[PDB]
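Trainee: Next comes coords-v4.pdb, PDB, C-alpha atoms (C1' of nucleotides):
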ATOM      1  CA  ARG A  42     -24.356  14.961  25.146  1.00  0.00           C
ATOM      2  CA  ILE A  43     -21.545  15.702  22.686  1.00  0.00           C
ATOM      3  CA  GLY A  44     -23.727  17.128  19.916  1.00  0.00           C
ATOM      4  CA  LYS A  45     -25.258  19.918  22.026  1.00  0.00           C
ATOM      5  CA  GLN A  46     -22.162  22.019  22.748  1.00  0.00           C
ATOM      6  CA  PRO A  47     -21.222  25.416  21.256  1.00  0.00           C
ATOM      7  CA  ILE A  48     -17.967  25.544  19.304  1.00  0.00           C
ATOM      8  CA  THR A  49     -15.682  27.613  21.552  1.00  0.00           C
ATOM      9  CA  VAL A  50     -13.915  29.807  18.989  1.00  0.00           C
ATOM     10  CA  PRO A  51     -11.101  31.846  20.615  1.00  0.00           C
ATOM     11  CA  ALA A  52      -9.572  35.131  19.472  1.00  0.00           C
ATOM     12  CA  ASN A  53      -7.876  35.517  16.056  1.00  0.00           C
ATOM     13  CA  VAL A  54      -9.677  32.422  14.732  1.00  0.00           C
ATOM     14  CA  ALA A  55     -11.586  33.303  11.566  1.00  0.00           C
ATOM     15  CA  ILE A  56     -14.637  31.153  10.821  1.00  0.00           C
ATOM     16  CA  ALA A  57     -15.269  30.589   7.105  1.00  0.00           C
ATOM     17  CA  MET A  58     -18.546  28.794   6.317  1.00  0.00           C
ATOM     18  CA  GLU A  59     -18.914  27.570   2.727  1.00  0.00           C
ATOM     19  CA  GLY A  60     -21.300  25.387   0.744  1.00  0.00           C
ATOM     20  CA  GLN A  61     -21.015  21.919   2.304  1.00  0.00           C
ATOM     21  CA  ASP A  62     -17.546  22.824   3.626  1.00  0.00           C
ATOM     22  CA  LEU A  63     -15.853  24.388   6.651  1.00  0.00           C
ATOM     23  CA  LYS A  64     -12.772  26.551   6.058  1.00  0.00           C
ATOM     24  CA  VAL A  65     -11.328  27.640   9.386  1.00  0.00           C
ATOM     25  CA  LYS A  66      -8.521  30.221   9.353  1.00  0.00           C
ATOM     26  CA  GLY A  67      -6.439  30.032  12.507  1.00  0.00           C
ATOM     27  CA  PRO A  68      -3.006  31.597  13.012  1.00  0.00           C
ATOM     28  CA  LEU A  69      -1.262  28.204  12.640  1.00  0.00           C
ATOM     29  CA  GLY A  70      -2.964  26.843   9.521  1.00  0.00           C
ATOM     30  CA  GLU A  71      -6.202  26.613   7.516  1.00  0.00           C
ATOM     31  CA  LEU A  72      -7.879  23.238   8.024  1.00  0.00           C
ATOM     32  CA  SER A  73     -10.651  22.284   5.601  1.00  0.00           C
ATOM     33  CA  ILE A  74     -13.385  19.678   6.187  1.00  0.00           C
ATOM     34  CA  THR A  75     -16.370  18.835   3.959  1.00  0.00           C
ATOM     35  CA  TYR A  76     -19.762  18.734   5.707  1.00  0.00           C
ATOM     36  CA  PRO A  77     -21.615  15.402   5.966  1.00  0.00           C
ATOM     37  CA  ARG A  78     -24.712  14.749   3.882  1.00  0.00           C
ATOM     38  CA  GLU A  79     -26.996  15.018   6.949  1.00  0.00           C
ATOM     39  CA  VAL A  80     -25.459  17.895   8.965  1.00  0.00           C
ATOM     40  CA  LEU A  81     -26.258  21.579   8.383  1.00  0.00           C
ATOM     41  CA  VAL A  82     -24.444  24.110  10.572  1.00  0.00           C
ATOM     42  CA  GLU A  83     -25.710  27.398  12.024  1.00  0.00           C
ATOM     43  CA  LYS A  84     -23.962  30.442  13.487  1.00  0.00           C
ATOM     44  CA  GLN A  85     -25.207  33.060  15.951  1.00  0.00           C
ATOM     45  CA  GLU A  86     -23.119  36.087  14.872  1.00  0.00           C
ATOM     46  CA  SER A  87     -20.207  35.343  17.232  1.00  0.00           C
ATOM     47  CA  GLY A  88     -17.512  32.771  17.940  1.00  0.00           C
ATOM     48  CA  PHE A  89     -20.027  29.989  18.613  1.00  0.00           C
ATOM     49  CA  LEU A  90     -20.885  27.502  15.873  1.00  0.00           C
ATOM     50  CA  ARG A  91     -23.614  24.882  16.234  1.00  0.00           C
ATOM     51  CA  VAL A  92     -23.848  21.843  13.986  1.00  0.00           C
ATOM     52  CA  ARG A  93     -27.427  20.677  13.494  1.00  0.00           C
ATOM     53  CA  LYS A  94     -29.023  17.528  12.130  1.00  0.00           C
ATOM     54  CA  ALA A  95     -30.760  17.758   8.762  1.00  0.00           C
ATOM     55  CA  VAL A  96     -32.982  14.654   8.955  1.00  0.00           C
ATOM     56  CA  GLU A  97     -34.389  12.546  11.803  1.00  0.00           C
ATOM     57  CA  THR A  98     -32.289   9.393  11.471  1.00  0.00           C
ATOM     58  CA  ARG A  99     -29.635   7.366  13.262  1.00  0.00           C
ATOM     59  CA  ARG A 100     -26.696   8.246  10.988  1.00  0.00           C
ATOM     60  CA  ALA A 101     -27.237  11.959  11.646  1.00  0.00           C
ATOM     61  CA  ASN A 102     -27.016  11.081  15.344  1.00  0.00           C
ATOM     62  CA  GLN A 103     -23.706   9.360  14.555  1.00  0.00           C
ATOM     63  CA  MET A 104     -22.130  12.206  12.577  1.00  0.00           C
ATOM     64  CA  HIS A 105     -23.816  14.821  14.776  1.00  0.00           C
ATOM     65  CA  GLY A 106     -21.600  14.125  17.777  1.00  0.00           C
ATOM     66  CA  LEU A 107     -18.801  12.880  15.500  1.00  0.00           C
ATOM     67  CA  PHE A 108     -18.822  16.025  13.370  1.00  0.00           C
ATOM     68  CA  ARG A 109     -19.333  18.164  16.495  1.00  0.00           C
ATOM     69  CA  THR A 110     -16.116  17.028  18.148  1.00  0.00           C
ATOM     70  CA  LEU A 111     -14.313  16.948  14.789  1.00  0.00           C
ATOM     71  CA  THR A 112     -15.082  20.646  14.306  1.00  0.00           C
ATOM     72  CA  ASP A 113     -13.971  21.104  17.923  1.00  0.00           C
ATOM     73  CA  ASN A 114     -10.682  19.516  16.844  1.00  0.00           C
ATOM     74  CA  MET A 115     -10.648  21.888  13.857  1.00  0.00           C
ATOM     75  CA  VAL A 116     -10.960  25.081  15.904  1.00  0.00           C
ATOM     76  CA  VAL A 117      -8.783  23.931  18.814  1.00  0.00           C
ATOM     77  CA  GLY A 118      -6.454  22.365  16.235  1.00  0.00           C
ATOM     78  CA  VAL A 119      -5.803  25.558  14.280  1.00  0.00           C
ATOM     79  CA  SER A 120      -5.916  27.846  17.339  1.00  0.00           C
ATOM     80  CA  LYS A 121      -3.625  26.157  19.886  1.00  0.00           C
ATOM     81  CA  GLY A 122      -2.467  22.935  18.230  1.00  0.00           C
ATOM     82  CA  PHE A 123      -1.997  19.444  19.617  1.00  0.00           C
ATOM     83  CA  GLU A 124       1.181  17.877  20.977  1.00  0.00           C
ATOM     84  CA  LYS A 125       2.070  14.281  21.815  1.00  0.00           C
ATOM     85  CA  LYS A 126       4.724  13.335  24.376  1.00  0.00           C
ATOM     86  CA  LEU A 127       6.488  10.134  23.327  1.00  0.00           C
ATOM     87  CA  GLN A 128       9.268   8.597  25.405  1.00  0.00           C
ATOM     88  CA  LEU A 129      11.960   6.064  24.501  1.00  0.00           C
ATOM     89  CA  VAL A 130      12.397   3.885  27.588  1.00  0.00           C
ATOM     90  CA  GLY A 131      15.740   2.235  28.251  1.00  0.00           C
ATOM     91  CA  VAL A 132      19.420   2.418  27.362  1.00  0.00           C
ATOM     92  CA  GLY A 133      20.579   2.931  23.782  1.00  0.00           C
ATOM     93  CA  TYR A 134      17.097   3.979  22.611  1.00  0.00           C
ATOM     94  CA  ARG A 135      18.229   7.385  21.390  1.00  0.00           C
ATOM     95  CA  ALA A 136      16.236   9.665  19.096  1.00  0.00           C
ATOM     96  CA  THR A 137      17.491  12.720  17.244  1.00  0.00           C
ATOM     97  CA  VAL A 138      16.806  14.907  14.229  1.00  0.00           C
ATOM     98  CA  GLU A 139      18.270  14.953  10.709  1.00  0.00           C
ATOM     99  CA  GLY A 140      16.892  18.284   9.498  1.00  0.00           C
ATOM    100  CA  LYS A 141      14.217  16.867   7.233  1.00  0.00           C
ATOM    101  CA  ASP A 142      14.162  13.394   8.817  1.00  0.00           C
ATOM    102  CA  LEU A 143      14.179  11.863  12.300  1.00  0.00           C
ATOM    103  CA  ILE A 144      16.477   8.976  13.217  1.00  0.00           C
ATOM    104  CA  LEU A 145      15.702   6.388  15.910  1.00  0.00           C
ATOM    105  CA  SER A 146      18.385   4.109  17.345  1.00  0.00           C
ATOM    106  CA  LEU A 147      16.088   1.440  18.802  1.00  0.00           C
ATOM    107  CA  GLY A 148      18.393  -1.541  19.306  1.00  0.00           C
ATOM    108  CA  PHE A 149      18.127  -2.706  15.694  1.00  0.00           C
ATOM    109  CA  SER A 150      20.974  -3.264  13.243  1.00  0.00           C
ATOM    110  CA  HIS A 151      20.406   0.118  11.596  1.00  0.00           C
ATOM    111  CA  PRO A 152      18.625   3.091  13.209  1.00  0.00           C
ATOM    112  CA  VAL A 153      15.278   3.863  11.596  1.00  0.00           C
ATOM    113  CA  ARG A 154      15.387   6.930   9.338  1.00  0.00           C
ATOM    114  CA  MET A 155      11.727   7.915   9.581  1.00  0.00           C
ATOM    115  CA  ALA A 156      10.659  11.069   7.744  1.00  0.00           C
ATOM    116  CA  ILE A 157       8.649  13.683   9.634  1.00  0.00           C
ATOM    117  CA  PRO A 158       6.128  15.609   7.501  1.00  0.00           C
ATOM    118  CA  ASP A 159       6.084  19.358   6.962  1.00  0.00           C
ATOM    119  CA  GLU A 160       2.914  19.917   9.016  1.00  0.00           C
ATOM    120  CA  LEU A 161       4.441  18.561  12.249  1.00  0.00           C
ATOM    121  CA  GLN A 162       7.110  20.364  14.266  1.00  0.00           C
ATOM    122  CA  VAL A 163       8.766  17.708  16.408  1.00  0.00           C
ATOM    123  CA  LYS A 164      11.362  18.447  19.062  1.00  0.00           C
ATOM    124  CA  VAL A 165      13.782  16.357  21.113  1.00  0.00           C
ATOM    125  CA  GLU A 166      14.428  18.451  24.216  1.00  0.00           C
ATOM    126  CA  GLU A 167      15.920  15.415  25.977  1.00  0.00           C
ATOM    127  CA  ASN A 168      17.476  12.412  24.186  1.00  0.00           C
ATOM    128  CA  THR A 169      14.743   9.919  25.131  1.00  0.00           C
ATOM    129  CA  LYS A 170      11.405  11.754  25.090  1.00  0.00           C
ATOM    130  CA  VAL A 171      10.150  13.231  21.801  1.00  0.00           C
ATOM    131  CA  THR A 172       7.473  15.938  21.619  1.00  0.00           C
ATOM    132  CA  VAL A 173       5.573  15.557  18.340  1.00  0.00           C
ATOM    133  CA  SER A 174       3.902  18.936  17.782  1.00  0.00           C
ATOM    134  CA  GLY A 175       1.305  19.667  15.143  1.00  0.00           C
ATOM    135  CA  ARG A 176      -1.909  21.367  14.113  1.00  0.00           C
ATOM    136  CA  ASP A 177      -4.435  18.561  13.603  1.00  0.00           C
ATOM    137  CA  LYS A 178      -4.805  15.794  16.187  1.00  0.00           C
ATOM    138  CA  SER A 179      -5.186  12.966  13.654  1.00  0.00           C
ATOM    139  CA  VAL A 180      -1.826  13.563  11.955  1.00  0.00           C
ATOM    140  CA  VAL A 181      -0.073  13.817  15.346  1.00  0.00           C
ATOM    141  CA  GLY A 182      -1.749  10.574  16.402  1.00  0.00           C
ATOM    142  CA  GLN A 183      -0.958   8.729  13.171  1.00  0.00           C
ATOM    143  CA  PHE A 184       2.703   9.750  13.102  1.00  0.00           C
ATOM    144  CA  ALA A 185       3.016   9.198  16.861  1.00  0.00           C
ATOM    145  CA  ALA A 186       1.558   5.723  16.374  1.00  0.00           C
ATOM    146  CA  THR A 187       3.945   5.258  13.434  1.00  0.00           C
ATOM    147  CA  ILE A 188       6.943   5.987  15.673  1.00  0.00           C
ATOM    148  CA  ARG A 189       5.242   3.801  18.306  1.00  0.00           C
ATOM    149  CA  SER A 190       4.812   0.926  15.797  1.00  0.00           C
ATOM    150  CA  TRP A 191       8.494  -0.123  15.984  1.00  0.00           C
ATOM    151  CA  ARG A 192       9.170  -0.962  19.657  1.00  0.00           C
ATOM    152  CA  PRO A 193       6.075  -1.190  21.850  1.00  0.00           C
ATOM    153  CA  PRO A 194       6.836  -1.625  25.568  1.00  0.00           C
ATOM    154  CA  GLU A 195       7.069  -5.346  26.267  1.00  0.00           C
ATOM    155  CA  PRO A 196       6.025  -6.404  29.798  1.00  0.00           C
ATOM    156  CA  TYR A 197       9.050  -8.528  30.732  1.00  0.00           C
ATOM    157  CA  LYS A 198      11.417  -6.115  29.006  1.00  0.00           C
ATOM    158  CA  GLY A 199       9.764  -3.028  30.519  1.00  0.00           C
ATOM    159  CA  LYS A 200      11.547  -1.090  27.820  1.00  0.00           C
ATOM    160  CA  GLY A 201      10.246   0.397  24.573  1.00  0.00           C
ATOM    161  CA  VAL A 202       8.567   3.514  23.159  1.00  0.00           C
ATOM    162  CA  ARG A 203       5.651   4.635  25.334  1.00  0.00           C
ATOM    163  CA  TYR A 204       3.984   7.991  25.842  1.00  0.00           C
ATOM    164  CA  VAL A 205       3.671   9.839  29.143  1.00  0.00           C
ATOM    165  CA  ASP A 206       1.337   8.714  32.026  1.00  0.00           C
ATOM    166  CA  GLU A 207      -0.141   5.767  30.149  1.00  0.00           C
ATOM    167  CA  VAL A 208      -0.260   2.608  32.257  1.00  0.00           C
ATOM    168  CA  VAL A 209       1.771  -0.278  30.809  1.00  0.00           C
ATOM    169  CA  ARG A 210       1.351  -3.940  31.734  1.00  0.00           C
ATOM    170  CA  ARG A 211       4.498  -5.408  33.294  1.00  0.00           C
ATOM    171  CA  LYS A 212       5.393  -8.914  34.444  1.00  0.00           C
ATOM    172  CA  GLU A 213       7.856 -10.230  37.008  1.00  0.00           C
ATOM    173  CA  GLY A 214       9.426 -13.352  35.479  1.00  0.00           C
TER     174      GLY A 214
ATOM    175  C1'   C B   1      29.958 -52.259 -35.918  1.00  0.00           C
ATOM    176  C1'   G B   2      33.482 -59.543 -35.248  1.00  0.00           C
ATOM    177  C1'   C B   3      35.575 -58.000 -30.402  1.00  0.00           C
ATOM    178  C1'   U B   4      38.121 -53.988 -28.483  1.00  0.00           C
ATOM    179  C1'   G B   5      41.014 -48.559 -28.226  1.00  0.00           C
ATOM    180  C1'   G B   6      39.988 -43.511 -28.643  1.00  0.00           C
ATOM    181  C1'   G B   7      37.034 -39.112 -31.380  1.00  0.00           C
ATOM    182  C1'   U B   8      35.112 -34.068 -34.749  1.00  0.00           C
ATOM    183  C1'   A B   9      30.095 -32.096 -35.880  1.00  0.00           C
ATOM    184  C1'   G B  10      24.999 -33.484 -33.615  1.00  0.00           C
ATOM    185  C1'   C B  11      22.084 -35.137 -29.024  1.00  0.00           C
ATOM    186  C1'   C B  12      22.711 -35.296 -23.706  1.00  0.00           C
ATOM    187  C1'   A B  13      24.228 -34.333 -18.307  1.00  0.00           C
ATOM    188  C1'   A B  14      27.027 -35.656 -14.417  1.00  0.00           C
ATOM    189  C1'   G B  15      29.090 -30.369 -17.275  1.00  0.00           C
ATOM    190  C1'   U B  16      28.363 -25.064 -18.217  1.00  0.00           C
ATOM    191  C1'   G B  17      25.410 -20.000 -17.723  1.00  0.00           C
ATOM    192  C1'   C B  18      20.859 -17.705 -15.924  1.00  0.00           C
ATOM    193  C1'   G B  19      16.259 -17.081 -13.087  1.00  0.00           C
ATOM    194  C1'   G B  20      12.880 -16.660  -8.809  1.00  0.00           C
ATOM    195  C1'   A B  21      12.751  -8.781  -8.745  1.00  0.00           C
ATOM    196  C1'   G B  22       9.276  -4.831  -6.876  1.00  0.00           C
ATOM    197  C1'   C B  23       8.968   2.152   0.047  1.00  0.00           C
ATOM    198  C1'   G B  24       4.331  -1.603  -6.965  1.00  0.00           C
ATOM    199  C1'   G B  25      -1.911  -1.651  -5.850  1.00  0.00           C
ATOM    200  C1'   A B  26      -5.797  -3.519  -2.705  1.00  0.00           C
ATOM    201  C1'   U B  27      -6.731  -6.737   1.215  1.00  0.00           C
ATOM    202  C1'   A B  28      -7.521 -11.583   5.217  1.00  0.00           C
ATOM    203  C1'   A B  29      -5.911 -12.148  10.702  1.00  0.00           C
ATOM    204  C1'   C B  30      -3.903  -8.246  13.803  1.00  0.00           C
ATOM    205  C1'   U B  31      -1.824  -3.429  15.779  1.00  0.00           C
ATOM    206  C1'   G B  32      -3.599   1.314  15.385  1.00  0.00           C
ATOM    207  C1'   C B  33      -5.015   7.217  14.612  1.00  0.00           C
ATOM    208  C1'   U B  34      -8.668  10.682  15.507  1.00  0.00           C
ATOM    209  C1'   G B  35     -14.027   9.064  17.013  1.00  0.00           C
ATOM    210  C1'   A B  36     -19.487   9.207  18.024  1.00  0.00           C
ATOM    211  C1'   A B  37     -24.915   5.638  19.273  1.00  0.00           C
ATOM    212  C1'   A B  38     -25.182   5.642  26.105  1.00  0.00           C
ATOM    213  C1'   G B  39     -20.980  14.364  27.675  1.00  0.00           C
ATOM    214  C1'   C B  40     -16.412   7.722  30.160  1.00  0.00           C
ATOM    215  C1'   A B  41     -14.880   4.539  26.482  1.00  0.00           C
ATOM    216  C1'   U B  42     -14.200   1.663  22.023  1.00  0.00           C
ATOM    217  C1'   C B  43      -9.542  -0.010  15.222  1.00  0.00           C
ATOM    218  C1'   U B  44     -15.417   2.229  12.708  1.00  0.00           C
ATOM    219  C1'   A B  45     -20.598   3.664  12.650  1.00  0.00           C
ATOM    220  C1'   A B  46     -17.664   9.130   8.756  1.00  0.00           C
ATOM    221  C1'   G B  47     -12.589   9.297   7.109  1.00  0.00           C
ATOM    222  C1'   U B  48      -7.696   6.958   7.457  1.00  0.00           C
ATOM    223  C1'   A B  49      -2.439   4.459   8.529  1.00  0.00           C
ATOM    224  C1'   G B  50       1.456  -0.289   8.816  1.00  0.00           C
ATOM    225  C1'   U B  51       1.065  -5.307   6.884  1.00  0.00           C
ATOM    226  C1'   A B  52       1.033 -12.049   4.664  1.00  0.00           C
ATOM    227  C1'   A B  53       5.197 -17.040   0.589  1.00  0.00           C
ATOM    228  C1'   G B  54      -2.042 -15.260  -0.034  1.00  0.00           C
ATOM    229  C1'   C B  55      -5.065 -11.856  -4.717  1.00  0.00           C
ATOM    230  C1'   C B  56      -3.796  -8.579  -8.876  1.00  0.00           C
ATOM    231  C1'   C B  57      -0.041  -6.100 -11.632  1.00  0.00           C
ATOM    232  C1'   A B  58       5.075  -6.086 -12.998  1.00  0.00           C
ATOM    233  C1'   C B  59       8.476 -10.964 -14.795  1.00  0.00           C
ATOM    234  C1'   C B  60       9.303 -15.047 -19.709  1.00  0.00           C
ATOM    235  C1'   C B  61       6.617 -16.999 -23.962  1.00  0.00           C
ATOM    236  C1'   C B  62       2.162 -17.711 -27.193  1.00  0.00           C
ATOM    237  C1'   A B  63      -1.496 -14.339 -28.426  1.00  0.00           C
ATOM    238  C1'   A B  64      -7.082  -9.782 -32.912  1.00  0.00           C
ATOM    239  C1'   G B  65     -10.866 -17.019 -35.178  1.00  0.00           C
ATOM    240  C1'   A B  66     -10.435 -11.074 -28.867  1.00  0.00           C
ATOM    241  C1'   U B  67     -16.178 -12.753 -35.281  1.00  0.00           C
ATOM    242  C1'   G B  68     -15.394  -7.217 -30.182  1.00  0.00           C
ATOM    243  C1'   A B  69     -11.589 -10.312 -35.963  1.00  0.00           C
ATOM    244  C1'   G B  70      -7.233  -4.208 -33.496  1.00  0.00           C
ATOM    245  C1'   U B  71      -3.376  -0.187 -34.666  1.00  0.00           C
ATOM    246  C1'   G B  72       0.877   1.778 -37.671  1.00  0.00           C
ATOM    247  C1'   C B  73       4.076   1.843 -42.267  1.00  0.00           C
ATOM    248  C1'   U B  74       4.453   0.384 -47.328  1.00  0.00           C
ATOM    249  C1'   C B  75       3.247  -1.995 -52.512  1.00  0.00           C
ATOM    250  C1'   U B  76      -0.565  -2.756 -56.615  1.00  0.00           C
ATOM    251  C1'   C B  77      -5.228  -2.338 -59.549  1.00  0.00           C
ATOM    252  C1'   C B  78      -3.517  -1.290 -66.127  1.00  0.00           C
ATOM    253  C1'   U B  79      -5.202  -1.992 -72.445  1.00  0.00           C
ATOM    254  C1'   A B  80      -9.544  -2.626 -75.341  1.00  0.00           C
TER     255        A B  80
END
As structure tokens - that is how I would like this structure written.

Mentor:
Amino acid sequence: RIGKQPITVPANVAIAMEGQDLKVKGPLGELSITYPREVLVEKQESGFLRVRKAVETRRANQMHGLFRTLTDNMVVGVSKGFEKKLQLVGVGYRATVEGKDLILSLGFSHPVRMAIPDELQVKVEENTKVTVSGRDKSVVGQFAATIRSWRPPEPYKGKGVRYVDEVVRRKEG
RNA sequence: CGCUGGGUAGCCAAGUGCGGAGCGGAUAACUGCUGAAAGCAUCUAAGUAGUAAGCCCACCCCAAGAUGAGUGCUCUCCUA
């Protein structure tokens, strides 16, 4: 299952294990997550962490696999980083950068002046598609959903803000 | 007011001014972000984001008999 899998820690990724807390030190940030009340972690003198249950119960079997893949997202998050590939479908849906902010002409009256945070490096390499880059997957997903929460792709319109190779329902009439 | 014609100050509107503000807080329906119990998944079981004329606060007034009777400033207790 999920919970029995060694944490693949790559090179130049320092593991810091503290009292009820994980402090990872990757080259692209230091993510910090408090341990659950029923999960105690063990290490075998290398780049392989193993979270372990502390009590025979159901909730430790919830946060065992949950906390397992969350620490996987910690180590892979601070080592390589996660990127989302949004795409503005259609004509006039242009997206560009204002230094600290990001502006989205989406067919409204005024283009949306949505502020990117400091932890995410976004890039517009072509005027439609926007690569939201970041360390942690949850912030990339929340801000990518926040940009997505203005114009979802309508089926008859066939034209909105969708991310790459995700199947979208379309209709003929 | 004998019946009429006008009218100051009052009162009144039909007249004249003003109000109904909030990237303030938490939510209901819903859309989600990572995401496990069934190595696939799923808005949730951990955490968390947008958001209702609805709830609360802010808004105007009364208001410590709020007996839980508040707080602050100031005055006065003399003669045998």

Trainee: Exactly which residues make up the result of the PyMOL selection byres ((chain A and resi 151-163) around 6) on this file, given as a PyMOL selection string?

Mentor: chain A and resi 142-146+149-150+164+172-175

Trainee: Expanded to explicit residues, what is the PyMOL selection byres ((chain A) within 8 of (chain B)) for this file, as a list in words?

Mentor: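 Listing what the PyMOL selection byres ((chain A) within 8 of (chain B)) selects in the shown file: residues 42, 43, 77, 99, 100, 102, 103, 104, 105, 106, 107, 178, 179, 180, 182, 183, 186, 187 and 190 of chain A.
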
Trainee: To one decimal place in Å, what is the distance between atom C1' of residue 27 of chain B and atom CA of residue 108 of chain A?

Mentor: 28.5 Å

Trainee: Please indicate the distance in Å from atom CA of residue 59 of chain A to atom CA of residue 80 of chain A, rounded to one decimal place.

Mentor: 13.2 Å

Trainee: Atom CA of residue 116 of chain A and atom CA of residue 74 of chain A are how many Å apart?

Mentor: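 We find that atom CA of residue 116 of chain A and atom CA of residue 74 of chain A lie 11.4 Å from each other.
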
Trainee: Between B:1, B:21, B:12, B:28, single out the one closest to residue 58 of chain B, counting all atoms listed in the file.

Mentor: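 Smallest distance to residue 58 of chain B is found for B:21.
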
Trainee: Where does the PyMOL selection byres ((chain A and resi 130) around 7) land in this file, that is, which residues does it pick, as a PyMOL selection string?

Mentor: chain A and resi 128-129+131+134+169+200-202

Trainee: I'd like the neighbourhood of residue 176 of chain A as a list in words, where a residue qualifies if any of its atoms comes within 6 Å (using only C-alpha atoms (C1' of nucleotides)), though same-chain residues fewer than 4 positions away should be ignored.

Mentor: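 The contact residues come out as residues 118, 119, 122 and 123 of chain A.
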
Trainee: Of the candidates B:47, B:54, B:20, B:68, which shows the shortest atom-to-atom distance to residue 111 of chain A, using only C-alpha atoms (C1' of nucleotides)?

Mentor: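 Nearest candidate to residue 111 of chain A out of B:47, B:54, B:20, B:68: B:47.
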
Trainee: Restricting the calculation to all atoms listed in the file: of A:204, A:69, A:63, A:97, which residue gets closest to residue 82 of chain A?

Mentor: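 Checking each of A:204, A:69, A:63, A:97 against residue 82 of chain A, counting all atoms listed in the file, the winner is A:63.
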
Trainee: Applying 12 Å and only C-alpha atoms (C1' of nucleotides), which residues near residue 22 of chain B remain after dropping the ones on its own chain fewer than 2 positions away? List them as number ranges by chain.

Mentor: B: 24-25, 57-59

Trainee: Quick one: everything within 9 Å of residue 205 of chain A, counting only C-alpha atoms (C1' of nucleotides), minus sequence neighbours fewer than 4 positions away in the same chain. Send it as a PyMOL selection string.

Mentor: chain A and resi 125-128+170
